[PDB]
Amino acid sequence: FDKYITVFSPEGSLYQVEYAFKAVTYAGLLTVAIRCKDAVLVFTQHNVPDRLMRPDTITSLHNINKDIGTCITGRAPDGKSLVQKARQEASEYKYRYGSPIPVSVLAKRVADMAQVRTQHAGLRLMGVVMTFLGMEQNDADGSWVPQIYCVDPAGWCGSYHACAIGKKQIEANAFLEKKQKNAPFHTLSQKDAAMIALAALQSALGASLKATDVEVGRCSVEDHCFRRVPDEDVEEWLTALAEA
Amino acid sequence: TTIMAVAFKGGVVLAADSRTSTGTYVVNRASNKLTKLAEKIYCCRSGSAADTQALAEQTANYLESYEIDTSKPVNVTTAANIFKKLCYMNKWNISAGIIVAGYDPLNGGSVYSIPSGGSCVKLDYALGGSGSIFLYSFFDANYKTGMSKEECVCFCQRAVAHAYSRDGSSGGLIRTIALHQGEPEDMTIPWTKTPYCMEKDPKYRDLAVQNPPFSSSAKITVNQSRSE
């Protein structure tokens, strides 16, 4: 009964929330995000099993507006419904206050959408983790700083230096923890950050990657916009890793 | 107000004056009536400042959403259609004449006119505002298709100067923007460097003879300048 709707079990837990988190791994893909000195990057597996599928129509990355990107991990159509609600939110904010929504504010608004379904009966929770990426401005000096914020099915909202989500996330997080001990990720260049993210994917999947197996997104101090990184730029990061 | 847009080979030029007034007093002498709707699409606004600011902002909001949903840059015809619908649904409660103009790679440079009443007409040039009435004849005599971008900027600057020298409700700066496949180019001419005004035209230097001195003849000569 506690297994079927949002009420508490006797130990204080919510089972539909636990099960919505297994939906995140059931989908079978892995994502990694990392923030370095001047940028934020996100690397997700591009799976095109069927040889007849048109690869440029399958994506886990989307723009919310010009300057904010998302990566969906988990049940794919659930994630597309949250992309549409986030788009609507960012456009209401701009009408009301006359400026584009900051990435920390947007993440909190989507986290509230999720919490409402853990507390009202009759609508299914969405079985996804949404990762949001963007640059944010300081009020002191006016300089811009990259951010990563993740939102989970319970309505939790949090910021990271780097994060792995999906199948074998436990092993990929362990891996990034080790690498962090050498140098904090905010001192690293793009290339060094990228070599750590690609090495973590490979280590956890237990395989070798070509450029066509990963899709990558980026925002930077140089160009605020969220943009897909070209396959040629990724090849050269993988080449650089294969050497060392 | 004097606004206009003209097509050229591969784009458009928009132009305006900078005055906002309550009839006989100037509240702002440096308004900006060329309003951005998307990277390469602008409108020109005439009538009630409050109404045109509000409908431009709403049209821009809808174009930004559309562009994110399709992942492509929008066409001029889509901006004109959205704007037309807002002007037509609210026609009894607003005072607005709009011109929408811009560049897109499907149709090139395009100009649309949306006058009071909410009609939508696709043209080679459009005029609007109180000052337009002074320019119908200027274009009928001196406008040609196929001008270059620099010809067209110069022509529109001259056209705006002629209208504002005769219309009391127009004046101040001339603002222009040119939209084509490259980057947008804005320009502001100050009144002191205007290409035409009555005050510096030599055929209006000498004063009319209205006040001739008391004389023994009916011949009219000069105005009296000193007491007898």
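Amide H contacts under 5 Å for B:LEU173: B:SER18, restricted to partners 5 or more places along the chain or on a different chain, H placed in the peptide plane at 1.01 Å from N. If you model the protein assembly as shown as an ellipsoid using its alpha carbon gyration tensor, with each semi-axis the square root of five times an eigenvalue, the axes come out at 62, 25, 21 Å, biggest first.
Identify the trypsin sites (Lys or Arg not before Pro) of segment B:133-181 meeting these criteria: DSSP loop state and at most 10 other C-beta atoms within 10 Å of the C-beta. Could you put the intermediate results ahead of the total?
Details: sites: B:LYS144, B:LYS149, B:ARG158, B:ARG166, B:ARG175; in loops: B:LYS144.
For trypsin sites (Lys or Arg not before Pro) across segment B:133-181 that sit outside H, G, I, E and B with at most 10 neighbouring Cβ atoms in 10 Å, the list reads B:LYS144.
The calculated FRET efficiency for B:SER137 paired with B:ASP69, based on their beta-carbon distance and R0 = 56 Å, is about 0.80. In degrees from 0 to 90, rounded to the nearest 10, what is the angle of the helix B:76-89 Cα long axis to the longest principal axis of chain B? Here the helix axis deviates by roughly 70 degrees. Rounded to 0.05, the FRET efficiency of the A:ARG227 and B:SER217 pair, given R0 = 51 Å and the Cβ-Cβ distance, is 0.05. Taking a straight line from the alpha carbon of A:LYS191, these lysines sit under 21 Å away, with near neighbours fewer than eight places off in the same chain left out: A:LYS37, A:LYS178, A:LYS179, A:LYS181, A:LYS210. The Cα center of segment A:165-244 and the Cα center of segment B:178-221 differ in position by 68 Å. The distance between label points at A:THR57 and A:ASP112 comes to 3.8 nm (points 7 Å beyond Cα on the Cα→Cβ vector). Computed about the Cα centre, the dipole magnitude for the protein assembly as shown is approximately 1120 debye when only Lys and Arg (+1) and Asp and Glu (-1) carry charge, each at its Cβ.
Which chymotrypsin sites (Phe, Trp or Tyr not before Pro) in segment B:128-172 sit in a loop by DSSP (not H, G, I, E or B) and have at most 16 other Cβ atoms within 10 Å of their own Cβ? Mind dumping the intermediate values first?
Numbers: sites: B:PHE134, B:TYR136, B:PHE138, B:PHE139, B:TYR143, B:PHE155, B:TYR164; in loops: B:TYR143.
Here the chymotrypsin sites (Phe, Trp or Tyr not before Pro) that fit, given the DSSP loop and packing criteria, are B:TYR143.
Against the main long axis of the alpha-carbon atoms of chain B, helix B:149-166 sits at an angle near 50°. Convex hull volume per residue, computed on the Cα atoms of segment A:19-68, equals 127 Å³. Between B:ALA49 and A:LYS22, the simple spin-label model (points 7 angstrom out along Cα→Cβ) gives 6.4 nm. Counting Cβ atoms of other protein chains within 10 Å of each Cβ in B:56-69 and taking the mean gives 3.
Once a ≥ b ≥ c are taken as the square roots of the eigenvalues of the Cα gyration tensor of segment A:60-189, is the result rounded (a/c under 1.5), prolate (a/b larger than b/c) or oblate (a/b not larger than b/c)? List each step's numbers first, then the result.
Numbers: a/c = 2.11, a/b = 1.12, b/c = 1.88.
It is oblate, given that a/c is not under 1.5 and a/b is not larger than b/c.
Partner shielding of B:122-129 amounts to 0, given as the average count of beta-carbon atoms from other chains within 10 Å of each residue beta-carbon.
Report the extension gain between A:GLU11 and A:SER189 in nm, rounded to one decimal, defined as 0.36 nm multiplied by the number of residues separating them, less their alpha carbon distance.
On the way: separation 178, 0.36 × 178 = 64.08 nm, distance 4.64 nm.
Full extension of this stretch gives 59.4 nm more.
Farthest toward the positive end of the dipole of chain A, out of A:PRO100, A:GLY79, A:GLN180, is the Cα of A:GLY79, where the dipole comes from beta carbon charges about the Cα centre. Summarising the amide proton neighbourhood of B:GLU185: residues at separation of 5 or more, or on other chains, whose placed amide H is nearer than 5 Å comprise B:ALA178.
Each value in this text was obtained by applying a stated rule to the coordinates, not by laboratory testing. As a convention, Cβ positions derive from the backbone with ideal geometry for all residues, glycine included, and neighbour counts pool all protein chains shown.
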